[PDB]
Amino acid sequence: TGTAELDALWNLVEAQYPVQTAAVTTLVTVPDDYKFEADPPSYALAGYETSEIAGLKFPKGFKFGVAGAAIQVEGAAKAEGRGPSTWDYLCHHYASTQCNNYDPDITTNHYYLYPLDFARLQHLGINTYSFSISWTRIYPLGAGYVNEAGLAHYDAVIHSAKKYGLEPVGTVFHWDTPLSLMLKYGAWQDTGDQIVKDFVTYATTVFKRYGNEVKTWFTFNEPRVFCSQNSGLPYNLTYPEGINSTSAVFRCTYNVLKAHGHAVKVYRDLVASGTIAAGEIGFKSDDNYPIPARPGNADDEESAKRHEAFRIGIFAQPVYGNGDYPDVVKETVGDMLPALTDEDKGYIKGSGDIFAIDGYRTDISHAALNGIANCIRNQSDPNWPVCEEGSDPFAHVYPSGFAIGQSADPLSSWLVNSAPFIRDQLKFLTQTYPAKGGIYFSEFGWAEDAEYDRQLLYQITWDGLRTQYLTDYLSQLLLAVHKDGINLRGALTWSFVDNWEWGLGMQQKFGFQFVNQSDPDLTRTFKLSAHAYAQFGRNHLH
């Protein structure tokens, strides 16, 4: 049951409709005479940068970069021995209900186009490329046999990136759970510890393979967001005895923390044995400490604390703090979240060299209107377990009725331009979750208003709100370094391309380049925001 089981799994994934194949299935050669599209006019970036950041530079060695993830950009879902993820299965069986009639078969075809992508990032003065490794390219069944062609693919991607002057930053796991492990024992809902062994075997292989060339690592991308998806399809089809939709989240939380700790131990041992280069390893946190709706009101103060504990604290306190879950989380979820043993704390405590925040926005916290005490006691309460008002007319709105900032578009309504709150977030995170190597802004970006292929190219490429958000956000990071003394190591924008955005597929556009999904070649065009990003780097790096 090797390539034999691989076939079986793809046959199960493809029962209703097959994996589609890209128009281009060969590594692209950047041609000798390749012409970038002309620059926008000279006045186009006028008015974006304020005089307040005149003369401010990021520290020496600042990582000024872009971020993508394997399943969101690569395509080639079955190429060169790749096994299926939970998402391959979800989008081929539940496309209309869970996947917005898209699938990750092809996405941006970055699997074959990366050389061309890197020549275009080099044109913009980008100096860092954040990627994820597809677990099922390396172990198509999550455990057992190794796919050499997959290990060779990322060698070639890392080598290309360095030639184009992009420092490679690697993420081991960006939500693409191997389907085989889900079917065998329920993957991250495993009540045993085989998920931890299988993850650690995988992390060991990619660290040995790449960590002479990759010296900044993230084990997990946004583990809090990933564990919340384990409450639904396709994970809820395979729960072990004792797991339901509520407990699966907290089972996943604990297994991810274990996987992380054990993986960072192998990373440090490989460094200590001289097998790889001395580098830095952490994981990507997300979300925010919200502002209370009514300053000095203890209920809104409490609900904002509960938000931070469940969205950030539940992973960051064990790793960068006192080595245990927030007491607020323990008191609320009880036995559903397995106790960290002395042995667990042995690996997890101190297992972050660097902090990384996906600092997209900051929220407002209104205490649950039915009362924090009532909400805590009822797991069926829609606001459980944070027990603030979680919906859009509360999360983003002052008591005044006015928003915290610009909204992104109803499909991405969690996203606001909240640049003025960035310094407070960084101050909180570096004091509460201190790391020796400091802190990354590891993801930030805009899903732009009209552009959802409503349009002609000239309307798409002048992306004023994206350009505003990225300049806002970069400006505030500069001031964090210069006014708050933040040890900020980098800024990585999501993303360098419109890509496949999970349940929303290619309808959500996060790129500073447009990808033409009606063109066989999936041709990239720079938006104004890509030139805004380039111009900010030339002006504020050195």
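One-based numbering along the sequence shown.
Undergrad: Of 239-247 and 108-116, which one has the bigger average CA B-factor?
TA: It is 239-247.
Undergrad: Mean CA B-factor: is it higher for 506-514 or for 30-38?
TA: Per the PDB entry, the higher value belongs to 30-38.
Undergrad: Of the choices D358, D463, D409, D155, which one's C-alpha carries the largest B-factor in the record?
TA: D409 has the highest C-alpha B-factor of those listed.
Undergrad: From the list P295, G211, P290, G437, select the residue with the highest C-alpha B factor recorded in the entry.
TA: Across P295, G211, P290, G437, the entry lists the biggest C-alpha B-factor for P295.
Undergrad: Could you place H92 in the lowest, middle or highest third of its chain by Cα temperature factor, using the values in the record?
TA: It belongs to the highest third of the chain when residues are ordered by C-alpha B-factor.
Undergrad: Of the three thirds of its chain by CA temperature factor, lowest, middle or highest, which one includes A532?
TA: CA B-factor rank for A532: lowest third.
Undergrad: Compared with the other modelled residues in the chain, in which third is the CA B-factor of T525?
TA: According to the entry, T525 has a C-alpha B-factor in the chain's lowest third.
Undergrad: Split the chain's modelled residues into thirds by Cα B-factor; is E49 in the lowest, middle or highest one?
TA: Answer is middle: the recorded C-alpha B-factor places it there.
Undergrad: For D392, does the deposited CA B-factor place it in the lowest, middle or highest third of the chain?
TA: Its C-alpha B-factor, which the entry lists for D392, ranks in the middle third among residues of this chain.
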